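Asker:
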Amino acid sequence: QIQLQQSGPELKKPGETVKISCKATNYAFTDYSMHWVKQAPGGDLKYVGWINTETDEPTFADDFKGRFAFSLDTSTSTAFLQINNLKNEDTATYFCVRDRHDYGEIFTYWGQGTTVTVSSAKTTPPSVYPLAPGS
Amino acid sequence: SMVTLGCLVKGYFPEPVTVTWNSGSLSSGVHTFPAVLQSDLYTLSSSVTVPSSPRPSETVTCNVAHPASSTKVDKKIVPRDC
Amino acid sequence: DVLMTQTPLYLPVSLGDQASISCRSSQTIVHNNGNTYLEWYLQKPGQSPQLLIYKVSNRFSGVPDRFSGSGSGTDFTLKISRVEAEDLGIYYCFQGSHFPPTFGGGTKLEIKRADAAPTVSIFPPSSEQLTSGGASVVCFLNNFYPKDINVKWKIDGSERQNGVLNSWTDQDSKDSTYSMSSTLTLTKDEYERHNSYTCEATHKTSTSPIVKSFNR
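Protein chains in written order, with the deposited numbering: chain H, 1 to 52, 52A, 53 to 82, 82A to 82C, 83 to 100, 100A to 100C, 101 to 128; chain I, 141 to 222; chain L, 1 to 27, 27A to 27E, 28 to 211.
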């Protein structure tokens, strides 16, 4: 019944900053550190890092060692992944996961994912053109 | 004899855009393709190969819905001829 | 950094067929604890990774007997025995032995069928986009199979290398086929300067590419 409900989609712009939530259900939220994974559109399943839910001490994989931040609210049991100086490459889907007190890792329970989209574009409607046979 | 018409949905942001054909009455041979990025906007297309006989007869409209702009726009296909 | 490598990139089979997908490790993956942490995830469309097997062979709580993990050292193999209609998705090996935990390449598990040729169609730009100034010539190569296929644009006899953005359908659900659009986009002025526009579909079901075109 352990659940890891995350936040809805986010249409951010290069530079803007974004914080993302991951609510933890049915378990001792502070006895298992949370993990964050990145999945670039169409594949790219990369690992962002983790934060010790006890001490709040974050651990980043070499590459997410720049604009990423991990933090949490215990009086709710919610982890957060924030990203700064927002680049285009950042667009993808971030999932929070956790283990089962195995020391070696086994990402068992994952979040549904929250997509973060980066684009200069401001909500602009499509122009429609009819593709009548020409040949 | 089959007639493939199409619909160029272009320059929209963000997503998504529901392309329907004939108010949802053409659920046969209809492909709405995955959007990409021409640069900073999304582009997508959609196809429907209808029987030769009925298309020219009439009723062949492309229906694209783009939830964000709360915009609904649909275009009927015309021969253009010459 | 243990680079997870998987094979094959794409694996198509019939229903009820046995599949054996494999993972390779740059370094061994026996964590200090005294155990290898090879993990098999199954991600469906627009979904998160379902752990299937653990510590090399330990199929997780609930995953069927069908799903079996093998291995020892760097080499491991997961293997289904009666592919059901819900096993399709992108399989992924993982490892929690070292840091950082790497994720395999992904083996897409799909359906196999009778190879079939495409239904190429070519459409010149519309009047309105043409006023707007842009000019997009589209080509649908719908319903072919296998997914491998290559479309070439040729303006006035000459091959047009740039300006095209392609976009692929996933395995068509109704019939297991694939479809695809290839769009070349010049400006009104570019498009204007020409006569003929060809879109050659070259599928393994032929030798001589399927050609369609138009003048102005």
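Think of the CB as a built atom: it goes at the ideal place given N, C-alpha and C, for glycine as much as any other residue.
Any beta carbon of chain H sitting closer than 8 Å to that of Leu148 (chain I)?
Answerer: yes
Asker: Verify whether the separation of the beta carbon atoms of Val200 (chain I) and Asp214 (chain I) is less than 8 Å.
Answerer: no
Asker: Do the stretch 134–153 of chain L and the stretch 90–103 of chain L make contact, defined as three or more Cβ pairs closer than 8 Å?
Answerer: Cβ pair count under 8 Å is below three, so no.
Asker: Tell whether a beta-carbon distance below 8 Å holds between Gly146 (chain I) and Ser187 (chain I).
Answerer: yes
Asker: Throw me the rounded Cβ distance for the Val190 (chain I) and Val149 (chain I) pair, which I believe falls under 8 Å.
Answerer: Not quite, the Cβ-Cβ distance comes to about 19 Å (not below 8 Å), so this is no contact.
Asker: List the endpoints of the continuous alpha helix (DSSP H) containing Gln124 (chain L).
Answerer: Looking at the DSSP string, the run of the alpha helix (DSSP H) that includes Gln124 (chain L) is 122–127.
Asker: Would DSSP call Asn26 (chain H) helix, strand or coil?
Answerer: Coil at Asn26 (chain H), not helix or strand.
Asker: So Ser186 (chain I) is in the beta strand (DSSP E); what residue range does that whole segment cover?
Answerer: 182–191 is the span of the beta strand (DSSP E), which, as asked, contains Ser186 (chain I).
Asker: Write down the C-beta distance between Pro14 (chain H) and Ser113 (chain H) rounded to the nearest angstrom, noting that I regard them as a contact closer than 8 Å.
Answerer: The C-beta distance from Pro14 (chain H) to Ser113 (chain H) rounds to 6 Å, short enough to fall under 8 Å.
Asker: Can you list the residues of chain I that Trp163 (chain L) reaches, using a CB-CB cut of under 8 Å?
Answerer: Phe173, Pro174
Asker: Anyone know if the C-beta pair for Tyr87 (chain L) and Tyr32 (chain L) falls short of 8 Å?
Answerer: With contacts defined as CB atoms closer than 8 Å, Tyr87 (chain L) and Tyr32 (chain L) fail to qualify as a contacting pair.
Asker: Does DSSP classify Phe63 (chain H) as helix, strand or coil?
Answerer: In this structure, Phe63 (chain H) counts as helix in the three-state DSSP scheme.
Asker: Between which two residues does the beta strand (DSSP E) carrying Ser65 (chain L) extend?
Answerer: Per DSSP, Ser65 (chain L) belongs to no beta strand (DSSP E) and is neither H nor E.
Asker: Roughly how many angstroms lie between the CA atoms of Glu81 (chain L) and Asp221 (chain I), to the nearest whole one?
Answerer: The straight-line gap separating the alpha-carbon atoms of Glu81 (chain L) and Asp221 (chain I) is approximately 48 Å.
Asker: Can you give the beta carbon distance from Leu125 (chain L) to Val78 (chain L), rounded, assuming they're within the 8 Å contact cut?
Answerer: No, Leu125 (chain L) and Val78 (chain L) are not in contact; Cβ-Cβ is about 49 Å, not under 8 Å.
Asker: In chain L, what lies closer than 7 Å to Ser187 (chain I) by C-beta?
Answerer: Here the neighbours are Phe135, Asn137.
Asker: Use the C-beta contact count for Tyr10 (chain L): other C-beta atoms within 10 angstroms, 16 or more gives buried, fewer gives exposed.
Answerer: exposed
Asker: Strictly under 8 Å for the Cβ-Cβ distance: is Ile82 (chain H) near chain L by that measure?
Answerer: no
Asker: What is the rounded straight-line gap between the Cα of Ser52 (chain L) and the Cα of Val58 (chain L)?
Answerer: If you take the alpha carbons of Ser52 (chain L) and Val58 (chain L), they lie about 12 Å apart.
Asker: Would you mind telling me which residues of chain H sit closer than 9 Å to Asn28 (chain L), beta carbon to beta carbon, in chain order?
Answerer: Result: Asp98, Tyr99, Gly100.
Asker: Indicate whether at least one CB of chain L lies closer than 8 Å to the CB of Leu45 (chain H).
Answerer: yes
Asker: Report the neighbours of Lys215 (chain I) on chain H: residues whose CB is nearer than 9 Å to its CB, in chain order.
Answerer: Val121, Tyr122, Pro123
Asker: Answer yes or no: does any C-beta atom of chain H fall closer than 8 Å to that of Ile150 (chain L)?
Answerer: no
Asker: Are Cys194 (chain L) and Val115 (chain L) touching if we call contact CB-CB under 8 Å?
Answerer: yes
Asker: Is the CB of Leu15 (chain L) under 8 Å away from at least one CB in chain I?
Answerer: no
Asker: Between which two residues does the alpha helix (DSSP H) harbouring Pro194 (chain I) extend?
Answerer: 194–197
Asker: In chain C, which residues lie with their C-beta within 7 Å of the C-beta of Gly151 (chain I)?
Answerer: Checking the listed chains, one finds no chain C in this structure; the protein chains it contains are H, I and L.
Asker: How is the beta strand (DSSP E) around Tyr86 (chain L) delimited, first residue to last?
Answerer: 84–90
Asker: Who are the neighbours of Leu11 (chain H) on chain I, taking C-beta pairs under 7 Å?
Answerer: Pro154
Asker: Measure from the C-beta of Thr183 (chain I) to each C-beta in chain L and report whether the shortest distance is under 8 Å.
Answerer: yes
Asker: Does the beta-carbon of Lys38 (chain H) have 16 or more other beta-carbons within 10 angstroms, so that it is buried, or is it exposed?
Answerer: Answer is buried; the Cβ neighbour count reaches 16.
Asker: What residue does the alpha helix (DSSP H) around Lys183 (chain L) start on, and which one ends it?
Answerer: 183–187
Asker: On the three-state DSSP scale, how would you describe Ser74 (chain H)?
Answerer: coil
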